[PDB]
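Novice: Residue numbers (the entry's author numbering), protein chains in the order written: chain A, 2 to 427; chain B, 268 to 374; chain C, 162 to 214; chain D, 162 to 214; chain E, 268 to 321; chain F, 2 to 38; chain G, 2 to 38. Sharing a structure, written as structure tokens. Questions coming.
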């Protein structure tokens, strides 16, 4: 009888809808699709972004980010792949991972939880690779769970916490920078040629602390290049950003005459141009919603430290360009800050940055997404976003803090037989 | 606002003309999963997308448990081989489950 | 009642499609000309199941 | 040591090529749809032996 | 007299460049025979060159 | 990082979603045994 | 494989090697304290 060995190249629809929801400052998966080696991928996403109804009207916009990444299966399975592909049919099946038994767990991966509490390993591990290479601070430790059921709630139902927009206290120098370095000398002598060699060792250490925490950064400084296969990192295909706006509604009865309520609704588009898929893998699409980091109790540095010295106030170029970094506390920038929490800044940074001012009359007032109290804990706890800081800004609904409805217009050019060829023997 | 227009039609014998209406929604369900994410362990036939294998195999029989969270394993139906690479389902977040408005299929 | 818009589970193959078909052979032999005629009978059956009810 | 220039005896087929392949049948019957699926498994094996090591 | 020329090549990472040589002869043997002259009795499959059989 | 850094805001109103699939059609997908409306 | 498949035979006679190094000069390499011939 007739045996088919090849196919022709045709476009495939693969379009679907998007009823999404999430929290603020957490990275959640929006869409996912498998691809084959040799394909071409295209996507237009058109939708609307809404926030929960506000308590008093629109005051500050929020910014929204959409990302698309490509993750090969060889980056996840490694050597179990390759052997799988070389053996062809009759190869051993690929492994899975375990999840907690609920419906809303494994929702940060953009799927409903199966009744068996098992999902493909490449879905979970492909999310960890994106977070560890692009979204955590380079000086933080990596995250390695091996099983989605080892996470807690708010990590399984919603994504992982991300970082605030850069600021004086949300973007400090890494907690490993050295404020001094010693050189061993004799009792009544010093080698001045070895002193010259001690400055060259410190220069390489300071570069590896401010710019070059990752291997791909070290190679780039020499003038070289690394492919994402050499580093085993995902490939960023597209990125979009916008601000979300809306309007107000006026109350008209006896009690609410003079009261307003804000309604955020924004139309957006995420477009990915044609992309050649070199190996089997997955495409991820993710979203992130954030606010500018405004706090009600922040003060200017020169107004908070006690007595002004020449180094603070003069702005002398010979002094700012030759001094080590300065270590300060949370008490120097916040009214109720803790004096035992320290971080390091650059000298003269108070003449390069200006903070926002919030009047004392705004303290503890509903609506108005601010940070009411100075953040507590170690450095990593302060830099990451706490979505409980925005609970008093919205009204309680079932759809969390933001929701979206989107149509994904995907198109892939594959080499597959038609449905007719698959069901007919001859 | 709509319009239904019928051009001139020659009636050859005695009879009746009927006019009928039908209103529908797209079939979106809150508990639908992708086939490759729901079946357990991926084999070469599932994942490779090989043309020599999809074009020469018989149709595959699956259950409602393979596409739904609370589906029944004793309900079977047949699909074409490789149909999971030709079709994409809609995704509804778990936060939408059992919420008024929003015409979905809850179970 | 009418039918849903077509879908993976709302538009399956008819519940009468055959997943296999046998041919009678001998104990230690097979007629290869009759095998060719068995594929032509199956082709007509599959057309009457997918397109031609 | 390296390889000779290609020749009738210096370039033979790999020593793992199969000269036959069996399919399990019944005593007095054969599934002709499963026979079609047995040829597609052999095609992938022969490609991985001649071109795709 | 020979020449081996390598055009300009951008080195992306630290490494080594190797250069190697290999010298060979065509594989001629003194005792090789044609296949049809060495196998014993010629059958239809050996000699006819029929496209439907090969 | 690599290659995107684009933008996506549009003006107007968020019209309701119309049709679950369809941007460009390929070949047939479903075979029931005839026409079905 | 990748990108070469070139050829290299030239006609003539194999002249003896003349000078161990030198195709294109850069900066100085050796410092003895003066000129040395």
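Virtual Cβ for every residue (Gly too), placed ideally from N, Cα, C.
#1: Suppose only complete runs of 3+ residues qualify. What are the beta strand (DSSP E) ranges in the stretch 95-140 of chain A, listed by chain order?
#2: What residues in the stretch 8-19 of chain G bring their beta carbon closer than 8 Å to a beta carbon of chain E?
#3: Anything in the stretch 282-301 of chain E with a Cβ closer than 7 Å to a Cβ of chain D? List those residues in chain order, please.
#4: Within 7 Å of any Cβ in chain A, is that where the Cβ of residue 27(F) sits?
#5: Taking Cβ to Cβ, would you say residue 391(A) is nearer than 7 Å to residue 25(A)?
#6: Which word fits residue 304(A), buried or exposed, when buried means at least 16 other C-beta atoms lie within 10 angstroms of its C-beta?
#7: In whole angstroms, what separates the C-alpha of residue 1(A) from that of residue 373(A)?
#8: Which same chain residues end up closer than 6 Å to residue 331(B) when comparing Cβ atoms and leaving out the 5 residues on each side of it in sequence?
#9: When we look at the beta-carbon of residue 98(A) and count the other beta-carbons within 10 Å, is it buried (16 or more) or exposed?
#10: Starting from the beta carbon of residue 424(A), find every residue of chain F whose beta carbon is closer than 9 Å, and list them in chain order.
#11: In this structure, does DSSP put residue 344(B) in helix, strand or coil?
#12: Which chain C residues are close to residue 4(F), counting only those with a beta carbon under 7 Å from its beta carbon?
#13: Roughly how many angstroms separate the alpha carbons of residue 318(B) and residue 317(E), rounded to a whole number?
#14: Alpha carbon to alpha carbon, what distance is there between residue 286(A) and residue 7(F)?
#15: Hey, quick one: how far does the beta strand (DSSP E) through residue 13(G) stretch, first residue to last?
#16: Does the beta carbon of residue 197(D) sit closer than 7 Å to a beta carbon anywhere in chain B?
#17: Applying the criterion that 16 or more other CB atoms from any shown protein chain within 10 Å of the CB defines a buried residue, is residue 401(A) buried or exposed?
#18: I'd like to check one pair, residue 172(C) with residue 193(D): are the Cβ atoms closer than 7 Å?
#19: For residue 290(B), is the classification buried or exposed, using 16 other Cβ atoms within 10 angstroms of its Cβ as the cut-off for buried?
#20: Taking all protein chains shown into account, decide if residue 163(D) is buried (16 or more other Cβ within 10 angstroms of its Cβ) or exposed.
#21: So what does DSSP say about residue 239(A), is it helix, strand or coil?
#22: Give the secondary structure of residue 168(C) by DSSP, where H, G and I count as helix, E and B as strand, and everything else as coil.
#23: Looking at the C-beta of residue 23(F), does it have a partner C-beta in chain A at a distance below 7 Å?
#24: Would residue 342(B) count as contacting chain C if we go by Cβ distances under 7 Å?
#25: Assuming residue 407(A) and residue 15(A) are in contact, meaning their beta carbons sit under 8 Å apart, how far apart are those beta carbons, in whole angstroms?
#26: On a Cα-Cα basis, can you pick out the residue from 282(A), 181(A) and 154(A) that is closest to residue 27(A)?
#27: In terms of alpha-carbon separation, which member of 358(B), 320(B), 359(B) and 283(B) lies closest to residue 91(A)?
#28: When the cut-off is 7 Å and only beta carbons count, does residue 357(B) lie next to chain A?
#29: When you check each C-beta in the stretch 175-200 of chain D against every C-beta of chain C, which residues fall closer than 7 Å?
#30: Using only the alpha-carbon positions, how far apart do residue 411(A) and residue 351(B) sit?
#31: Residue 353(B) touches chain F at which residues, Cβ-Cβ below 9 Å?
#32: Run down chain E in chain order and give the residues with a C-beta less than 7 Å from the C-beta of residue 220(A).
#33: So if DSSP puts residue 48(A) in a beta bridge, which residue, or which two residues, is it bridged to?
#34: I'd like the ranges of any alpha helix (DSSP H) spanning at least 4 consecutive residues and lying wholly in the stretch 316-345 of chain B.
#35: Assuming residue 186(C) and residue 181(D) make a contact with CB atoms under 8 Å, what is their CB distance in whole Å?
#36: Give the DSSP-derived three-state secondary structure of residue 15(A) in the structure shown.
Specialist: So, to answer that:
#1: 97-99 and 119-121
#2: 9, 10, 11, 12, 13, 14 and 15
#3: 289, 291, 293 and 294
#4: On the sixth chain, residue 27(F) is found 26 positions in, with the first residue counted as 1. Cβ-Cβ to chain A under 7 Å: yes for residue 27(F).
#5: Position 390 of the first chain, counted from the first residue, corresponds to residue 391(A). Position 24 of the first chain, counted from the first residue, corresponds to residue 25(A). Yes; because the gap between Cβ atoms is below 7 Å, this pair is in contact.
#6: Residue numbering aside, residue 304(A) sits at position 303 when the first chain is read from its first letter. The residue in question, residue 304(A), is exposed, as its Cβ has fewer than 16 Cβ neighbours within 10 Å.
#7: Chain A is shown only over 2 to 427; residue 1(A) falls outside these bounds and no answer can be derived.
#8: The count along the second chain starts at 1 and reaches residue 331(B) at position 64. Answer for residue 331(B): 338, 339 and 342, listed in chain order.
#9: Walking along the first chain from the start, residue 98(A) turns up at place 97. It is buried - the Cβ of residue 98(A) has at least 16 other Cβ atoms within 10 Å.
#10: One-based indexing of the first chain puts residue 424(A) at position 423. Within 9 Å Cβ-Cβ: 32.
#11: Here residue 344(B) corresponds to residue number 77 of the second chain, with the count starting at 1. The answer is strand: DSSP assigns residue 344(B) an E or B state.
#12: Residue mapping note: residue 4(F) aligns to position 3 of the sixth chain, counting from 1. Neighbours of residue 4(F) on chain C: none; closest Cβ ~34 Å, over 7 Å.
#13: Looking up residue 318(B) in the second chain gives position 51. Looking up residue 317(E) in the fifth chain gives position 50. One C-alpha to the other measures close to 32 Å.
#14: In the sixth chain, residue 7(F) corresponds to position 6, counting from 1. In the first chain, residue 286(A) corresponds to position 285, counting from 1. One C-alpha to the other measures close to 15 Å.
#15: Taking the seventh chain and counting its residues from 1, one reaches residue 13(G) at position 12. No beta strand (DSSP E) holds residue 13(G); DSSP gives it neither H nor E.
#16: Within the fourth chain, residue 197(D) is the residue found at index 36, counting from 1. Residue 197(D) counts as touching chain B.
#17: Within the first chain, numbered from 1, the residue matching residue 401(A) stands at position 400. So residue 401(A) ends up on the buried side.
#18: For the purposes of this step, residue 193(D) is taken as the residue at position 32 of the fourth chain. For the purposes of this step, residue 172(C) is taken as the residue at position 11 of the third chain. For residue 193(D) and residue 172(C), no; Cβs fall outside 7 Å.
#19: Residue 290(B) sits at position 23 when you count from the first residue of the second chain. Counting Cβ neighbours within 10 Å, residue 290(B) comes out exposed, since fewer than 16 surround it.
#20: On the fourth chain, residue 163(D) is found 2 positions in, with the first residue counted as 1. Exposed.
#21: Here the question's residue 239(A) lines up with position 238 in the first chain. In this structure, residue 239(A) counts as strand in the three-state DSSP scheme.
#22: Here residue 168(C) corresponds to residue number 7 of the third chain, with the count starting at 1. Coil.
#23: In the sixth chain, residue 23(F) corresponds to position 22, counting from 1. Closer than 7 Å to some Cβ of chain A, the Cβ of residue 23(F) qualifies, so yes.
#24: Residue 342(B) sits at position 75 when you count from the first residue of the second chain. Not one chain C Cβ lies under 7 Å of residue 342(B).
#25: Numbered from 1 along the first chain, position 406 holds the residue referred to as residue 407(A). Numbered from 1 along the first chain, position 14 holds the residue referred to as residue 15(A). Actually they do not touch by this definition, with Cβ atoms about 15 Å apart.
#26: For this step, residue 27(A) is matched to residue 26 along the first chain. Among 282(A), 181(A) and 154(A), the Cα nearest to that of residue 27(A) is on 154(A).
#27: Numbered from its first residue, the first chain carries residue 91(A) at position 90. Measuring from the Cα of residue 91(A), the nearest candidate turns out to be 320(B).
#28: Counting from one through the second chain, the residue named residue 357(B) turns up at place 90. Yes, residue 357(B) counts as interfacial toward chain A.
#29: 188, 189, 190, 191, 192, 193, 194 and 195
#30: Locating residue 411(A) in the first chain gives position 410, where the first residue counts as 1. Locating residue 351(B) in the second chain gives position 84, where the first residue counts as 1. Whole-angstrom Cα-Cα distance: 15 Å.
#31: Counting from 1 along the second chain, the entry for residue 353(B) is found at position 86. Result: 27, 28 and 30.
#32: Here residue 220(A) is taken as the residue at index 219 of the first chain, counted from 1. Per Cβ cutoff of 7 Å: 280.
#33: Position 47 of the first chain holds residue 48(A). Looking at the DSSP assignment, residue 48(A) forms a beta bridge with 269(A) and 407(A).
#34: 318-321
#35: Against the third chain, residue 186(C) aligns to sequence position 25. Against the fourth chain, residue 181(D) aligns to sequence position 20. Their Cβ separation, rounded to whole angstroms, is 19 Å, which puts residue 186(C) and residue 181(D) out of contact at 8 Å.
#36: Sequence index remark: in the first chain, residue 15(A) carries index 14 (1-based). Note: residue 15(A) maps to coil in three-state DSSP.
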